[PDB]
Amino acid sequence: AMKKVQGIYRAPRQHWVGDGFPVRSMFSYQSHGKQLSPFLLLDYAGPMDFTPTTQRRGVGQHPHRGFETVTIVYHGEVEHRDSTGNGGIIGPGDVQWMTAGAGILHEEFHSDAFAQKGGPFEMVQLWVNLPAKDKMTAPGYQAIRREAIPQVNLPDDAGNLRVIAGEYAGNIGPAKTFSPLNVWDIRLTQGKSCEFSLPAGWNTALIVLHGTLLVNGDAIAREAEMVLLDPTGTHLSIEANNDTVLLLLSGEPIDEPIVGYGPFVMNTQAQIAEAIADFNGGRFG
């Protein structure tokens, strides 16, 4: 049975987050919290060509509690830091999987080397919800190098698929997750197709970053457009009308309340009050 298309969304207008992240917001939990669980948010930064500068372009220090932050870099370099000292630089092909859990205080910005040279800048920011029993887990980092991400060639020379989280054809993703989910990065060659088998009941989305994609032989998605699929079903097929780049997100739904405000995503409104109180009380970190 097919995971049939139940919603397709046009490219959103771009807004600026800080001075370093020109993003198009694909979805958020306010409107797609139940339908996209475990995924809370997807921003698509760029593509943008940045000029050399002495500025440190990025976003200021800000808190997070109750979920995980995933940064997938395609072009450019970003550096992340937190008030603890946990830091690092994410370059092309690299992934950072950040667990905010109990609470974190961090900032993201263009790396010092990217500031000097400029050039293409493109990446995805994804938020992954935590089960209630884990929403206060210790904050943790996972700097995932491009080399450590399996790259599986697709049958019929259709393209390749990077297994960031989950599993595909026996190749296991390096991302450590708290609940069952897949995060795949797919290049599909024009004229080629591929059919996938996913777990029944898993919420599934396709986000097209480049190209023209025909989903289940019906809907067509292009740059910055998103297909939301029926979670009831185990199958889907994609075809590349042009050389395509897409993200495939799929996960077992977290059947728990979502109460979120800005940087805090918890289970109860009382937990959001506690979160804001901790942050303004200086107890956050």
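Heads up: residue numbers just count along the shown sequence, starting at 1.
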Given 80-88 and 121-129, the range whose Cα B-factors average higher in the PDB entry: 80-88
Going by the mean C-alpha B-factor recorded in the entry, which is higher: 137-145 or 199-207? 137-145
Among the choices 70, 40, 245, 236, identify the one whose CA B-factor in the record is greatest. 236
Sort 52, 231, 217, 251 by C-alpha B-factor from the entry and give me just the highest. 217
Would you mind checking where the Cα B-factor of residue 32 ranks among the modelled residues of its chain, as the lowest, middle or highest third? highest
Residue 167: CA temperature factor from the record, placed by chain third, in the highest
Chain third (lowest, middle, highest) by recorded CA B-factor, residue given as residue 8: lowest
Using only modelled residues of the chain, where does the Cα B factor of residue 63 rank: lowest third, middle third or highest third? middle
Going by the recorded CA B-factors, say which third of the chain residue 112 sits in, lowest, middle or highest. middle
